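Engineer: part one of the complex, left exactly where it sits:
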Amino acid sequence: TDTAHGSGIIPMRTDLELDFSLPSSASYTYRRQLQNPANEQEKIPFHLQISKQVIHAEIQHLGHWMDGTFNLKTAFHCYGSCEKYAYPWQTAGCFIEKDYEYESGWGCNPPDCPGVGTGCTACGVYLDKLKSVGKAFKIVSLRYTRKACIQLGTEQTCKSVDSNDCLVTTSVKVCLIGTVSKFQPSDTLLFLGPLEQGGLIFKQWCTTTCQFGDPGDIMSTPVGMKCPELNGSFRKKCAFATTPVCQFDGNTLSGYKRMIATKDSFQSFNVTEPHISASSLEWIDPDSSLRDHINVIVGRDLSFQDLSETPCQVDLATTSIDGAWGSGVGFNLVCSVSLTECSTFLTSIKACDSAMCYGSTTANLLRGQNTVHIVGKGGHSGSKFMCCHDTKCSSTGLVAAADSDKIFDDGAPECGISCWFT
Amino acid sequence: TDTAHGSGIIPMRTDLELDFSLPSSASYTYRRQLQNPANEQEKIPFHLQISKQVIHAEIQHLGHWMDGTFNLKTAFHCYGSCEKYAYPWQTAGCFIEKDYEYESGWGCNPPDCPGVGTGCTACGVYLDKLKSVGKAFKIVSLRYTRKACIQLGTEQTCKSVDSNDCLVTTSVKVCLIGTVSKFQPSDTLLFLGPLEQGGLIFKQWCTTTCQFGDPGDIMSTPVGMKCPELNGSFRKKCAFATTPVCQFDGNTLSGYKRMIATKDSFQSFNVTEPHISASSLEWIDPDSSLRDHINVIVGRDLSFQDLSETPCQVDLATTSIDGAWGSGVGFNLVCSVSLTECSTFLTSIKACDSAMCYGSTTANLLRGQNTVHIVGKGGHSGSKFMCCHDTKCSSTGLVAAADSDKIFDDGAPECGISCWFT
Amino acid sequence: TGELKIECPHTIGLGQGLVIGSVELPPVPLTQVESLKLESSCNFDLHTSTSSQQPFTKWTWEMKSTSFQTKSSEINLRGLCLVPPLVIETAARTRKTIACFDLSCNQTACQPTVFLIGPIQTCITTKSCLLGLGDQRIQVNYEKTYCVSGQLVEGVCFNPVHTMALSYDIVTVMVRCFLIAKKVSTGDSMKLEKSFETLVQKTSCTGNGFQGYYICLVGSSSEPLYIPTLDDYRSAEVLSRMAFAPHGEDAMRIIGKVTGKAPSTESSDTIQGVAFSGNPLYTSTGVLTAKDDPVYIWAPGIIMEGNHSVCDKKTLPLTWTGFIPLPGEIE
C-alpha cells in the first residue's frame, strides 16, 4: 500500500548544479530522483548528506590568567642609600618599586633624623593572592572540514571535504570553497571554567606592554611569571614632623576585576564536542554563526543503464508508536526497514499519514533488517501514522492520543490549506 | 556642471553581505555609496576591485614525449644458440626481441642447414627516428589566488586573498572559500609547442605498464630512456626450402600518431602569462572555465564620523576624443583627473553623455594630475561625450563622427527605452 | 564587636575535617598585651594548652642619637597560638576547639588576630556565640554555605580534587598555618628551615637546627595539612608561597636595619630585622631557626628576618596566612 509521498523528480536534460550555505551547527539532507530524459519510468535516487562543521584551530598556549590584589608599602631610612637595604616587597611575585634616593629634605622629615640629603624613601607596589582564573589561547591558523556522503543509484561514496579538497566521482562533484567565520587569526580565546562552558574572545590582548588592569596583565607562563607594570605615577605625601608616607594615584583594580565589571562588552562563544591537544583545538560551534559555501554538480552523462541493473530494494513496516498527535507534544515511530539486493544503501524514512509527512530520519541501511526511529510533531485525531519510503509505505499504521539541528530537503510537494486546522 | 549619473546608494540599516562567482579570466569592479541611516547627506564611497585568477600548480616534470617508427628484422642461424650471437637491433634505443631458441624443425628450414633442433630464429622489434614532440607535466597540487583591493571612505587596503586567507579590516571582510576548477590533481598536461600555444589534458597517461601506442609510451626522462613493451604477439611464417621470416600482428602506429589521429577526443586548454619553475607552473586561464566563490561583508558600525573628515576631492576635465559614435566602431576619451586632499584614492571614471554612460575605467589615482583613458561604444550623432565621476562631470565635452574581460557594477540606473534607436 | 565568621558545610562527611575562622581586632596599647586573656561563652570544649604561660624574648627598638637602640628581655605571654603537637591533627576526634591569637605590633600598639579552629559538629550546636579579648567582644557567626558540594571561594562554589593519584578548574584558596615545635632524637627529618633552604638556596648553611612543622587548614574547612608532606602537591605549594612571602600574603614606614640578642642573655646578636613605624602590617611573633630548642620572639615595631636565602639571624613566623591555587571543579 503506497501513497504519493515521493521525492522531487528532476529530468536530466542539463547538468544539475547547486550552491549551498550551510550554517555552523546544521546538517543538510538533500535528496531527489534523477530521471532519464529518454524514459519517464527510469529514475535513480540521488542522496546528499553533509555533516556539521568541524573547526580546527592551530593555537598558541598563552598560559593561565592570574588575579591579584593591589598593595602599597613605604620604607624610610635616615642614613645610607636606597640600594643598600632590602624590603619585604622585593621578594613578592610581582613588584614595582620607585625610590626617592638622596631626596631627604626637611619638610618631609620625621621628628627623628635632623639631616638633609642623606635619607632614603622607598615605595613598593606588590601583588598578593595570585590565583588562576582562566586559560588563554591565541589563534594561529584556522581550518574548516565537513564530512559528505553521496548516494547515486547503487554507488555510495563518502569523504571528508576540506577547503583544499573536493569529493570528486565519475558523475558527482562536491567542493567546499568559502567559509564565513566569526573567528579569525590573532584572536585570544579565554576559558574561565572548563571547555564545554564556552569562553570569551579578546582582540587587544596585551603581549609586549602590559599594564595592571589590561586583559592579560598577570600571566602564569610555563617558563615562569610574567608581571606587568603599573598605570600611574608615584608621589610623596608628607607633613611636618611626620614620617613621609607614599601615595599612588593610579589603577587599583586588576585586569580580571575590570573584565568581570564590563564582561558584557566582550564577544562570547560556545563549543560542543571539544578536543584540545598541544597544538590544536577542535570543536563544533553550536551558535550557528558560521556559514560554509558548498558547490555540487552532477553531470547529465549518468549512464542510466549501468545504474539501473539490480537496484536497492527496500521494504518497511510500522511496529511501534509512542507520543501524542498534538502540535507540541511529539511522537516517536519505530520502523523495521529491510534492505535487499544491496550491501549498503543510503536513504531516509519518513513518518507520513494519508495526507502529510510530519518527520523524517536519514539512515545508511545494511543488507537485512534495520530498526529506524522517526520523531514527528503534528497530526490530527484520526491520523494513522505509517512508515514510508519514497513511494511505498507500510501495510498498516498506528494512532496516538491527546530544532534538532537537522535540515530536510526532499522536494516533496507539501499539502496546501486542506491540511490546516482539520 | 554635474549630471545624475551617480552610483547605487545603499542605506546601512543592516550589514551588507555579498556573494560572488567570478569567472576565471574576469576582473570585477563593484562600487556603491554607503549611506548613514541617520543623515541622508552623509555618504561614503565603497569600492571593491578583484583581479583575475592566478592558478598555481605544483607539478612533476614527466620529461619529453618521443615519437619513433616501427621496424622489424629477422636473424637466422644454422648452429649454436640464440644467446650466443649479437644482433643489430640489440644496440638500438628501444628494442624488444623474441627468439625461437632450439626450435629449428625442417618445414621452416632453408635450402641450407639440413638439421633439426639445432638452429636459432631471433626476431627484433626496434624503434628509430626518435624525436621529441612535446613536454609532459603531472599535477600534484593546485592553488588559486586573487588580488583584491578595497576603498572605504578614506581608507585603502589591498591583499592577495588565498584559499586559506581573507582580507579582513575593521569594517570590511573579503574571503575566498570555493573554486570550481576544470583541472584537478593527477592530470597530465602536454604542451606540443611552446607554453603560450596551450596544450592538452590526459588522464590515463601510462606510468607503469606502457605499450606502443599509449599516451606516454616512449619518454625521454632526465635519468634516461624509458621504452615500453609492444601490444601484440610474434609468429614464424615460413615456406618450404626458404628462410623463415618473422611476422608481428600488432600495433604499428606510435602513441603520437594515434594522438594526432584522434586529437579531437582530448581536452584542450589555453594559458596566458605563464611562469614555469623547477617545481610549479603559474598561469591565468583565459577560457573562463573556472569560478571562484568570494564572500564580502561590511558591518553597519562604519562610524560615518571618522570616515567623513577630509574626504577625497576629485576634479576632472575632458581633453581629447578619438573614434566614432557608431555601435561597433568605438571611441577613446582622455580625462585629466585631479585628486586632492588624499594621497591615494581608488575610484573609476565613466565616459557619459546627457543620458547614458558608454564606458568606464577604474584607476587608483595619486595626489595630483592623472591622465585616464576610457573606451566606449555607442552614442548618437549629437552625443557630446564627457568625463564623469560619481556625480560631478567636466564642464565641456566632445563629439565624434560616423569583451575586454572586465565587469563593471556600480548600481547606476540605466536609461530605459527613451535611449534606444534615437 | 568584631566578627569571626565560620562557613559551615551541608554535611560532616568523612569525619576528620575542622572549621576555621579568624579576625584581626583593633589596636591595643603594648602594656595591655601581657594582660590579654581569651574568654568564651561558646558551647564548645576549649583546649587549655594555649592559655598557659609561654616564655618569649621581647625585642624592641628606640630612636637614639646607627640611629637605633635595641633591647631585649624574657617575659611570659599567654593565649598566643603556640599549639602543641597533635592537638590540631586530632581535634576532630577529641572534639576540642582551639582558640588563640597572634600579635601584629608597632612600637606602641598591637592588633591581635584571633583564630578559632574546631570540629565541624560545632555547626550543628551553634549559630552564634561570644569571645572576649581584653575589652573587645567578638561575635562568632556560624553561617550555612550557599554551595551544595563545596565552599564559597572568591564568590564561586568550588570542590577540590580528592584522589591520591594524578589525573580541571583552578581556584585560589586561603591557607592558614600554625608553627608547631616538635623534636626527634636522631637525624634531620624535623629540620624545617633546611626544607626552605633546599628550595631557595645556592650554597650550604651551617646551623639551622629548629625542629618542627606547620599544621595548616585550607579554606574555611578541611582536614589538617602537615608541612612538609614531601609528595603532596599542596604542601609544595604552601612551602613555595612561604618561601616567596615569608610574612604571609594580603602606611607602614621602614626606618632601617636592627639587630639584637635572643634570648637577652646571649653575649652577641642572634637576630636581625627591619625597624618600622606606622601601622602594624605583619605579625610580630616567630622562632629563631638556629636553635633546636625553640627561642620564641615577640618583636614589636620590627619585621624580624624571615628571608630564607639568608643563613644567620633568621626566623620562622608562628602563624602564616596565604593563598594557593587548587585544581578541582567549580559546579
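Structural biologist: Everything's here; your move. Residues are numbered from 1 along each chain as shown, chains lettered A, B, ... in the order given.

Engineer: longest strand in the chain, please.
Structural biologist: You didn't say which chain, so I picked chain A. Counting by DSSP state E, the longest strand found in chain A is strand A:120-152.

Engineer: nope, chain C please
Structural biologist: Secondary structure assigned by DSSP E gives strand C:169-181 as the longest strand of chain C.

Engineer: so what does it touch, helix or strand wise?
Structural biologist: Secondary structure elements in contact with strand C:169-181, counted by 3 or more CB pairs under 8 Å, 6 or more residues apart in numbering or on different chains; DSSP states H and E, are strand A:120-152, strand C:151-153, strand C:156-160, strand C:212-218, helix C:233-244, strand C:285-288, strand C:319-329. For every residue, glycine as well, the C-beta is placed using N, CA and C.

Engineer: any idea of the angle that strand forms with strand A:120-152?
Structural biologist: Angle of strand C:169-181 versus strand A:120-152, following axes from the mean of the first three to the mean of the last three CA atoms, to 10 degrees, is 140 degrees.

Engineer: okay, and the residue in the stretch 151-300 of chain A that chain B sits nearest to sits in which element?
Structural biologist: Among the residues of the stretch 151-300 of chain A, residue A:177 lies closest to chain B, at 0.7 Å counting by CB to the nearest CB. Counting by DSSP states H and E, the secondary-structure element that holds residue A:177 is strand A:172-180.

Engineer: can you tell me how far the residue of chain C found nearest chain A sits from residue C:153?
Structural biologist: Sorted by distance to chain A under CB to the nearest CB, the residues of chain C start with residue C:172, at 1.9 Å. In this structure, residue C:172 and residue C:153 are 7 Å apart, going by CB to CB, to the nearest Å.

Engineer: and the two? Which one has more around it.
Structural biologist: For residue C:172 and residue C:153, the more surrounded residue by other CB atoms under 10 Å in any protein chain shown is residue C:153, and the numbers stand at 22 against 19.

Engineer: isn't that one right up against residue C:170?
Structural biologist: No. Counting by CB atoms under 8 Å, residue C:153 does not reach residue C:170; the two are 11.0 Å apart.

Engineer: include chain D as well:
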Amino acid sequence: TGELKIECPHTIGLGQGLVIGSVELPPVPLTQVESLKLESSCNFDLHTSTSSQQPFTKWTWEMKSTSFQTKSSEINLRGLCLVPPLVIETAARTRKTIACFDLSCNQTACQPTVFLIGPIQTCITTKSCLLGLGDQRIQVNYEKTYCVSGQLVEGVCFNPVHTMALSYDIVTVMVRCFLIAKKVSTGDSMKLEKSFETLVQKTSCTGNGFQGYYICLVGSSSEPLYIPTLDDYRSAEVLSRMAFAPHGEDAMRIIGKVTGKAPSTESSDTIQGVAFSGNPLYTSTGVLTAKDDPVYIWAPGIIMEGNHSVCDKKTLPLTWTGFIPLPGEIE
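Structural biologist: Chain D, in position alongside the others:
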C-alpha cells in the same frame, strides 16, 4: 623513374648552405654494379672526383658443408661516395655539385642510393632534370618550400637555433653524413674511431688508427657540419646516434658470424661481420678502423662489424643516415 626531391628555401641567405637530396633505387644484379656510371643532363657543375676508379676489397660469403666460406679480392669501383677533403665544405663557394651513390647489397643484388649535394643557387636555375644510373632514370625535382623561415619537417615548418652561446620547440631532423679520409703527420686529432671509443668504452683499445672525419648535412639544406666538432651540440648528438645505430636509422634473415681478410693479401683475418640473406637493409660499404691508410670494403650479403664497443676487426660506414632532435621555433 625514381624521384630525388630537393626542398628549396625562399632565399639563399648567408651564402654557405647546400641543398641535399637522396633516393634508394631498385635492386640490380651484382655483376652490373662494377659497370654503374652516373650520367647527368642537369645544368650544374659536377665535381669529377667521385667518378674516378677507387680500390675496394670485395668480401663475399657462400654456404658450405662453420657453415660458411668467405673470400675476398681487390677491385676498382667507380661513382661511390668517397668524397675528398674540402669538396663538400667549399662547394657553396666553388659552385660544385656532388653526385655519387652508396650500395646496399645482399649476396646477389644491390640497391644503389644516389646522393645529390649542391649549391642553393641550383634552385634558381633548375625545376627538374635527369640523372641516369645503369638502366634507371632519376627525376630530380626542385620544389619550393611551404615555409617562410624554415623547412618542412614531419609536416611542420621549423627554424633551428642560430646563436653561438646558450639560451624552445624541439623537432627531429634527418642528418646525412659522408666519411672523409684525411691524415695528419703528428698526433691523434683525426683518429675518428678513438672518439667513438671514449664515448662507448670501458677499457683501452690498442690499434684503431683510421684518420678521417664525417661531413654532414642537416635536413634538406644546411651548412656542412664537421664530425667531430667537440664543443658543438649537434656533433655530439650525431656521434651518440652513430654510436647506438652504427649502420644508420630508419625481411632480412640473419645466418651467422663470418670473418675475412681485408685486404685479401693479409695472411690472417682483419674483419668480421654477420652474414645475412633476404632484402638488403643497411649499406654494404665501409673502412677498417685499424689502418691509418683507409682499407675500403664492399661486403655484399654481410653486415660488417660496426659496434664501437668491440676492439678488433671493426669498421666505419662510408655514409650514414639518421635523425637528431634540434631546439628551435615551429612558427
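
Engineer: for the strand holding residue A:177, packing partners?
Structural biologist: Counting by 3+ CB pairs under 8 Å, 6+ apart, the packing neighbours recorded for strand A:172-180 are strand A:120-152, strand A:155-161, strand A:166-168, strand A:291-298, strand B:172-180, strand B:291-298.

Engineer: wait, which of these is closest to residue A:390?
Structural biologist: For these, proximity to residue A:390 was assessed by CB to CB; strand A:120-152 is nearest, at 12.6 Å.

Engineer: pairing partners for that closest one, with directions?
Structural biologist: Strand A:120-152 has the following strand partners under DSSP bridges: strand A:43-50 (antiparallel), strand A:54-77 (antiparallel), strand A:94-101 (antiparallel), strand A:155-161 (antiparallel), strand A:188-191 (antiparallel).

Engineer: what's in contact with the first one?
Structural biologist: By CB atoms under 8 Å, 6 or more residues apart in numbering or on different chains, the residues outside strand A:43-50 that reach it are A:7, A:9, A:20, A:22, A:27-36, A:146-153, A:174, A:294, A:296, A:298, A:302, A:304, A:307-308, A:311-312, A:346-348, A:362, A:390.

Engineer: that one vs strand A:291-298, what angle?
Structural biologist: Going by the same axes, to 10 degrees, strand A:43-50 makes 160 degrees with strand A:291-298.

Engineer: same question for the fourth one.
Structural biologist: With the same axes, to 10 degrees defining the directions, strand A:155-161 sits at 150 degrees from strand A:291-298.

Engineer: buried residues of strand A:155-161, list them for me.
Structural biologist: Using 16 or more other CB atoms under 10 Å in any protein chain shown as the burial criterion, the residues of strand A:155-161 that qualify are A:156-157, A:159, A:161.

Engineer: over to stretch C:60-75?
Structural biologist: Counting neighbours by 16+ other CB under 10 Å, the buried set in stretch C:60-75 is C:60-61, C:63, C:67-68, C:70, C:72.
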